[PDB]
Structures are given as C-alpha cells and as structure tokens.
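Quick setup: one chain, the form deposited in one PDB entry, written in structure tokens, and binding and motion questions come after.
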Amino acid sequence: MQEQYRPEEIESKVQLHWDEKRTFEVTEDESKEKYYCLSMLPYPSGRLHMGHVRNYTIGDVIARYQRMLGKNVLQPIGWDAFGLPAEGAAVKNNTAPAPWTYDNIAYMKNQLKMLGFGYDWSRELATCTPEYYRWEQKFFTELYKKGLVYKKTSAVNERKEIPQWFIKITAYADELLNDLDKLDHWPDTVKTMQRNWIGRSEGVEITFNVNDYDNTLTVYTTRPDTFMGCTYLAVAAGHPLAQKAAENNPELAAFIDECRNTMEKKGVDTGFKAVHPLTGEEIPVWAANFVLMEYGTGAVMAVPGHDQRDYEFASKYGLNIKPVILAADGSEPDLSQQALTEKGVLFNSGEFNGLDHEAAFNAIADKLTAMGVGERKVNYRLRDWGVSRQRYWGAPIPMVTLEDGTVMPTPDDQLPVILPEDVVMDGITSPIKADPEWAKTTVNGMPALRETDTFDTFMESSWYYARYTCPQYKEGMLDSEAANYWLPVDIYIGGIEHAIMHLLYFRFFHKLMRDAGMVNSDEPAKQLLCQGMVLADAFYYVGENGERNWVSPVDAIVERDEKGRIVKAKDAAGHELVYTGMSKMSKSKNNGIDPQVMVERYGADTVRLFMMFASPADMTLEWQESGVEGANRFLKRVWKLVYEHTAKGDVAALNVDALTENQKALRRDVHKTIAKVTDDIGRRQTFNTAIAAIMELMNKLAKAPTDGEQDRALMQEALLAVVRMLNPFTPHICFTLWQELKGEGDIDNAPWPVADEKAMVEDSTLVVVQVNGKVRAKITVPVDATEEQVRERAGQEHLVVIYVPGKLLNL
C-alpha cells in the first residue's frame, strides 16, 4: 500500500475497471427487487456545470447504496441533444448543429466518467439520433388519429400570429390535477405550483343578444350569482366584436393596435349595446386591456361592485357601480373605495334576493340554462401544448399537406422523417425551409408538401425516462415488459425550476402511453427530489464610467476582521471591490466554478464528498474552497488509518465473548454508527449527517489502540465497515481500500453493513434530573430499572413528578 493517497493514480484505473467489467450494466432480473434511480438528463452544452455535479452525485450516492442493499439498480444517462444553443454555436463557428452537438457529447461523457458515476452505459441515448426520435414521430401520428392533435394560429411573443401544432393536454387536466393527491413523495411546493398552473375553474357561459350586430356574444363568469350587478360587458382587444366596431371608430382602432404591441386599466367604448337577458335592459360593451382573448370566450360580464379589476375600470371611465351582495354581517356594502369581493347573500337582485352564494349561483345558472342562454362550463388556465417551432435543430413533425389541401400524417412506411445533419446555416432561415426541394414528397399516390417546423425539445424529454428501459428495442417505442419491470421511477432528481414545464409534461406523456397500452401505471415517478442551487461569493467594482464590472472570487484579495468576515476587498489592478455575498452562479456575475478544475485539483472523490456534506440535498449549497480542502484532509486521514492498520499485517478472528469493556464500548459505537448512517441514507436522505456520523466514528477509531490481537481484529471490523459506508460518496478510494483490507470481491457488490443487535445492547442508560425544568444532575441507571428505583438513585444525589423512561426525571 502506498503511504500517500493520490487520486491521479487511483480514479482512472477504477473507472476503466467499471467499464471493463460492465459493473453497472443491468437487465430485467425477476429474482431481485428493482430500483430505478433517475437524474435529469444533461443538455450537451460543452461542459459540465456544478449543478450537474450536485444532481448526479446525489443520484450516484443513492444508486450505489441501493445496489449494496441487494437491489437491481437502473441508473441511466443520456443527452437531451436537440435545441437552440447549437444553431447559434454553428453560426458563430463555421460548422453545423450536428457535429457540434456530437463533439460536446463526447467531451461531457468523458467528464461524467471522470466523476465516477455508475451508469448503465449500455442504455446511453442521444435524443437527436433518428433511432430515438423516430418513435415520438410515430407516437404523434397515433395521437393525431385519436383526435388529440390539431393545428391553429396563435399569438407567440414583439407579437406574431404563428400557426402551430397543439396536443390537447387539456383533455387530461382533471386527472393531472386529481393525481397530485397520489404524489405523497413529491414536495408540496411542486404540487401547489402544478395545481395553480392547471387552474381548474367552474363557471357558466352566458350568451347575450347585441343590438345592430350580426352575432351573439358569450361571456364566461365564475360568479353568476352577481349577474344582476352586471353594468357592462368587456371584450378583449382582439375580439371580433371590437374588430367590427373598430371599422367606424378610429379611437377603437388605435386602442386595438396599441394593445397588439407595448397594472393600469385602459379601454374604449365600442358603441355596441348588449341586452341583459333577465331585465331586458341595454348595457354598453367596452374593449378592455385586462380581458385575455385566449381564455374562456375572451369576454366577461363586468360587475364592478364585486370584482376589483371591474371596479377600477368602471371608476376610471365613469360606468355604473351597482351592489348585489351583502357584507358578512348582512349590511349593505361600503363600495365607496373598492369592490366587495367575498361571497355573500344577494340583495338588489329581484327574484334571487336572500339567496346565499351556492343557491344564487345555482338558481341563476339553472334559469339561464333553461332560457337557452347559459350553460355550466369548466375552464382551465392550462393551455393546450403548442409543440411546433420554426427551428431547424429538432425532430421533424410527421404531417403533410396533400396537393388537395388535405392534411394527414406521414405514412408509417415513411417514418422516421429524417432531419438532414449535413447543412450550412445562414443565421436567418432553417436549411429545410431555405431549400424548396426538401419539403416536396408524395403521399397516398399524390404530390405533398411536408411540415418544415420541428418539435420543441420537451417532446424528447417527455418520454426518455421510459426508453431507457428498452433503448435498443426496434419493434416499438417501448417493450411493455421491460418498461413495467422498471417503472415507476423510484426517485427522480432535478431542480424545482422544471415544476410546471417538464415535470408536468412527463406526467401527461406517461398517461398517454398508459392509454395506448404501453405501460400499466398511472404516474411516472414515485419520489421527486429537487436539489438546491450551488452558490458562490460574488464581487464587483464600479469603473470611472459608472458601469459595474464583476470580478471572480478567485481574483479577489480580501481582508478579514477578527471574526473572519470580509471587511475590504481589492483586485490586483487596484480596484476597490464590493462583496455581494453568496449568489447563484452565472457568467454575468463572473462567479462560476468549473468542476473540471476541481476534479483535477483534488480528485473526484473530494469534490463528491464536499458536495454531499456541505448542506442538505434540498437546500442551497455554498461552495467554499476551505470546505473542499477540509474534505480532502478527511480522506487523507481515512487513507492513513488504513495504511497503518494494514502495515501491521493480517488479523486474528474477532472473539466477541472475550472483548474488554473498552473494546465492547468501541464496537458498540461502530454498530450504532452503521444503524444511523443506514437510516440517514436510506429513509431520511440526510446525506450530510450520514457523513458527519462517519467522521465522528473515525475520530474515535484514530484514537483506539491497535497492538493486541483483539484490538486489531476490531479495527478490521471497523474499517471494513467505514470503507463500505463511505463508498456511495467516495467510491474510487473505497474500491482501493477494500482491496488493501482484503475484503471479499469488488466493493460495488459487497453487502451494505448490517448492525449487530447483540453489539448494541446497553447495560445502563443516563438520566437527566431536573428541578423545575433546569438541569441539576446527571445519573447512570440500569437499562431495566423501575421508576421508583430510578427516583431513589435520584434522591441520593446531594444536589438533588414527571418521568420519561431512560431519559429524564423532572420534579
């Protein structure tokens, strides 16, 4: 055994070994309990960032630990490889998105190996290859044939009316919302975000006649109980009613054009009068900047007495404000300053007077419904999923338009529709749109023009978790047996910022696949763990020109007070720096830290250990070089204790019967430590305290004598235990130390240590004696003494009723 620990001499040999033995490659083995540990797949930007390192170290810790518990563990890796950055890099360099992307995959793959992540590399996928995207193209054709796909012009952000393909995600909204109650092991924050994003709404559509106007006008309301307080209707700027009025009304015309471009209220009277269906009285119709064209019908019944936006519009333009709901105490409301918003009992409402809110809602709805001018309607904030982009670097959309004018899917025997990778980019137009020949094809015997827009990249990320189960299956999108063996994912790890995009889409996609017969479960992941951001100090100076210039913390020369807080700071050019604290990492604050640099400076194991020790997985992590150094020193001390132990040669069989009292207490701490680290990693997922627990045991182990045969036999049992406990975190050093300790086989398939129950029995326990809360004594008592026995030993104490067994007496 070398005296010095040198990761440059250990890590790449161990990595090569994991590749040569295919250590982390797995199959669908029915004789073992499965565990699917998934980290959000990287985008191949060019190099790993510290967030990848954190995300993927947490997943690797869990994957390795679950393998040591005897489970069959799937930990897959792949590349979300289409998307926008590659077209910008292609143009800037003078290349193409494909070769740039594949070069990045190669470089980042080598980085992930250099971190020692135990992936099943046989299942590696890059989502830009036709072997991947072909199945989403087929799947999109099936969705279309099932009526879940349509095309429409919609406003994207300046503002454009762009045609797009939509998947009807709203067909599944109820279930996406309802099934959140199944998600016990997702965090409350992500669930609430999804609930609010979905925005389920129960209401009524109400249709109005409109004088001297060709069509009726339908509004959506969530408060039909306030119907007799409706003093005007309001319509979105883009509504066809406003469009019409706008032909004779230049005031309106300019308002409608103002709105197309650009929380104040703004509006123009359209001059149209709608007829109130109950009273029969005319009310004015206004165009209003606060009504969304895209939601509901894009028109509202305005009740300024009881909706604050309607109140502020009516106050500004002098429209009638009419009260129809009473205050909590049955008094008429004070509307002199703002709307009365709470649901109450109606007044000023004729036949509907005295009705409470639920009764009012129902009665006014029932009456409009029977009059043929209302109907109950559930709406959603959630929009349908717009899946097309006017971009080149993505999966082609499998639709065609025949010479006819007719629209249909690309035939089965013409899938995949292949994105050509050999292209020159002009910056301006997609190569498959710039070339008129590419879109020309033939379908059902006739000349067609095929779609040139491509899929948004969330299309590929919505199902990759499932394809990892059967990545080389050529017969379909999924081998249902393989997918149902591995799914649902046991734990999915990735940031909270994906909460209402990817983390909603993959739930939807899972359900589509369920309803196609492809999987047999309702949800794709049991547990979601959202790891915190990695932070770093940030500094700037102000130039003579008044501009802020940000300076990397490595270039900061800081000065620290008596208590170590930063009091001044300068750069080597002499600029006075202002310290802004720990801050999210960015190129803008110039405070990013390159994990490659750190891996080369300290070794992967040090970087992994620091990242798991510094803070709980779900909280923010403050990157501190003094902290990383501290981790490196710990591993060096573990290396030292093993070197000195093995230097003494082989070990006698431990004889538990003949152990000394000290020996017995020391062994007790080995086994308690095993029990805690197990519970911390396996159930609590408190990785930082699991490590602290190992460190506290080492501190004792470094003190134990090791001359007598038994002392050494005990250290052997301790160190075999420590090396295994540390292995999910620091597997390179631990792989090597296991061999030095002559552990059996490779550490990766060694059994996780189990605490010996015999080793942990206490002869005695300590009891704190308090008088009136404040501690006045401490006493040792048998782990079997009765109250009165305990309270008697209590009484005997010269300084010395509530009693917790084994813990506390308070008098």
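Note that residue numbering follows the sequence shown and begins at 1. Note that the rigid core is defined as the largest set of C-alphas that superpose within 1.5 Å between two forms.
Missing here is the form deposited in another entry; even so, the following discussion is about that form.
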Task: C-alpha displacement of 2 Å or more between the shown form and the other one on the rigid core, among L402, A253, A692, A126 - done: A692
- [ ] Verify the C-alpha shift of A675 between the shown form and the other one: is it 2 Å or more after superposing the core?
- [x] yes
Open item on the list: Could you check, with the core superposed, whether the Cα atom of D537 shifts 2 Å or more between the shown form and the other one?
Closed with: yes
- [ ] Align both forms on the core first, then report whether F290 has a C-alpha shift of 2 Å or more between the shown form and the other one.
- [x] yes
